[PDB]
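Here's the structure we're looking at; comments come further down.
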Amino acid sequence: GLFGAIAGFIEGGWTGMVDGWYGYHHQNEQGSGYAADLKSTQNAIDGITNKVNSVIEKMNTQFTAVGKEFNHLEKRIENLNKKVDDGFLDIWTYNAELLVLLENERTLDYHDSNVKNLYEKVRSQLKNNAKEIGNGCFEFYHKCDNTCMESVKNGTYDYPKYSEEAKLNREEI
Amino acid sequence: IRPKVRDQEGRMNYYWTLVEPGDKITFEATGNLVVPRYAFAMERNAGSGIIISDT
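Chains as they are written, first to last, in the entry's author numbering: chain B, 1 to 173; chain A, 219 to 266, 266A, 267 to 272.
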């Protein structure tokens, strides 16, 4: 992708995550499970909502009619009517197809950036208390219970709390 | 004696008009006229159109 997160170091997605678009998977002594990140998912949904609304809101319904047919004398104007309808038809078809193709790639890249920032927020939070094992995973060098797991997700994580606990395991190897 | 269609060399050009409520239609002629028999009181609605389809 453009940001290298989706189909990048994270090769595949989670089918078990059915509560949000982006989230975490934890594995501690108490148990394991999926949990979506609320901040990233809700903002993304509103952003894509605004993107879709930005396209279709102005495209309002029009009153149409067959109109008067053209007699033999009304040939030149009939050709002009064909010219304008075809001209608008060609322009609208080209613009609609082009906009969808361009915006779809931007939409895909939007998810790529949202996933990447989530990984960086965790990566910057943990710092040396975890190991980057790849595929978006973080092997903790210390003991992380459920409270510790949620602290990273809520953004209220404390590096000094497990600094010495991890450091002993870092210097172990 | 123009080229006859439907085995009639004679022709009949059809005209129409909408007489406004409260108006006369003076039909004056000396010959070669086809007079109306049935009229149509009506109130138009919008443009709409004619769908030339066999659906």
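Quick reminder that beta carbons are idealized off the backbone N, C-alpha and C, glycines included.
Margin query: According to DSSP, simplified to helix, strand and coil, what is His142 of chain B?
Written below: coil
Next item on the list: Just the chain B side, please: which residues come within less than 9 Å of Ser270 of chain A by C-beta, in chain order?
Entry: Correct list: empty, because the minimum Cβ distance to chain B is about 11 Å.
Note to self: Taking 9 Å as the threshold (C-beta atoms), are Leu108 of chain B and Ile10 of chain B in contact?
What the structure shows: no
Checklist line | C-beta atoms of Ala65 of chain B and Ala264 of chain A nearer than 9 Å | finding: yes
Item checked: Close-in-space but distant-in-sequence residues of the same chain around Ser113 of chain B (CB under 6 Å, 5 per side omitted) -> The residues are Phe3.
Check: Do you know offhand how far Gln62 of chain B's Cα is from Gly47 of chain B's?
Finding: 28 Å
Margin query: I'd like the list of long-range same chain contacts for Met17 of chain B, defined as Cβ closer than 7 Å, with 5 residues on each side in sequence excluded.
Written below: Its chain contains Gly23, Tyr34 and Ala36 as the residues whose beta carbon lies nearer than 7 Å to that of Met17 of chain B, once the 5 sequence neighbours on both sides are disregarded; these appear in chain order.
Item checked: Classification of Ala96 of chain B by the beta-carbon crowding that lies within 10 angstroms, buried from 16 upward -> exposed
Note to self: Quick check on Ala259 of chain A - is its C-beta less than 9 Å from some C-beta in chain B?
What the structure shows: With 9 Å as the cut-off, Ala259 of chain A does not count as an interface residue toward chain B.
Next item on the list: Report the residues of the stretch 238 to 264 of chain A with a CB closer than 9 Å to any CB of chain B, ordered along the chain.
Entry: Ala264
Next item on the list: Kindly indicate which residue of B:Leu118, B:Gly155, B:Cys144 and B:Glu105 has the alpha-carbon position closest to the one of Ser163 of chain B.
Entry: B:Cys144
Note to self: I'd like to know if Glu69 of chain B contacts chain A, where contact means its C-beta is closer than 9 Å to some C-beta of that chain.
What the structure shows: yes
Item checked: Cutoff 8 Å; reference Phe70 of chain B; Cβ partners in own chain excluding five residues on either side -> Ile77, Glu78 and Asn81
Margin query: Under 7 Å, CB to CB, which of the residues in the stretch 46 to 74 of chain B have a partner in chain A?
Written below: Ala65, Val66 and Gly67
Notebook entry, point to check: For the alpha helix (DSSP H) that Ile133 of chain B lies in, which residues bound it at each end?
Noted result: Looking at the DSSP string, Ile133 of chain B is not in any alpha helix (DSSP H); the run it does join, the beta strand (DSSP E), is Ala130 to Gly134.
Item checked: Beta-carbon proximity check, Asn117 of chain B vs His142 of chain B, cutoff 9 Å -> no
Next item on the list: With a 10 Å radius around its C-beta and 16 neighbouring C-beta atoms as the bar for buried, classify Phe88 of chain B as buried or exposed.
Entry: In summary, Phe88 of chain B is exposed, with fewer than 16 beta-carbon neighbours lying within 10 Å of its beta-carbon over all protein chains present.
Checklist line | Within the stretch 23 to 77 of chain B, ranges of the alpha helix (DSSP H) (whole runs, at least 4 residues) | finding: Fully enclosed alpha helix (DSSP H) runs of 4 or longer: 38 to 56.
Checklist line | Where the alpha helix (DSSP H) containing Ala166 of chain B begins and where it ends | finding: Annotation: the continuous alpha helix (DSSP H) that includes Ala166 of chain B extends over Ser163 to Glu172.
Notebook entry, point to check: How about the stretch 147 to 158 of chain B and the stretch 123 to 137 of chain B: do they share at least three Cβ pairs that are nearer than 8 Å?
Noted result: yes
Note to self: For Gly12 of chain B, tell me which candidate among B:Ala166, B:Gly134 and B:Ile173 has the shortest Cα-Cα distance.
What the structure shows: B:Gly134
Next item on the list: Would you verify that the beta carbon of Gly228 of chain A is, or is not, closer than 9 Å to some beta carbon of chain B?
Entry: no
Checklist line | Classification of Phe245 of chain A by the beta-carbon crowding that lies within 10 angstroms, buried from 16 upward | finding: exposed
Notebook entry, point to check: Using a Cβ-Cβ cut-off of 8 Å (strictly less than) and excluding sequence neighbours within five positions of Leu38 of chain B, which residues of its own chain qualify?
Noted result: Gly20
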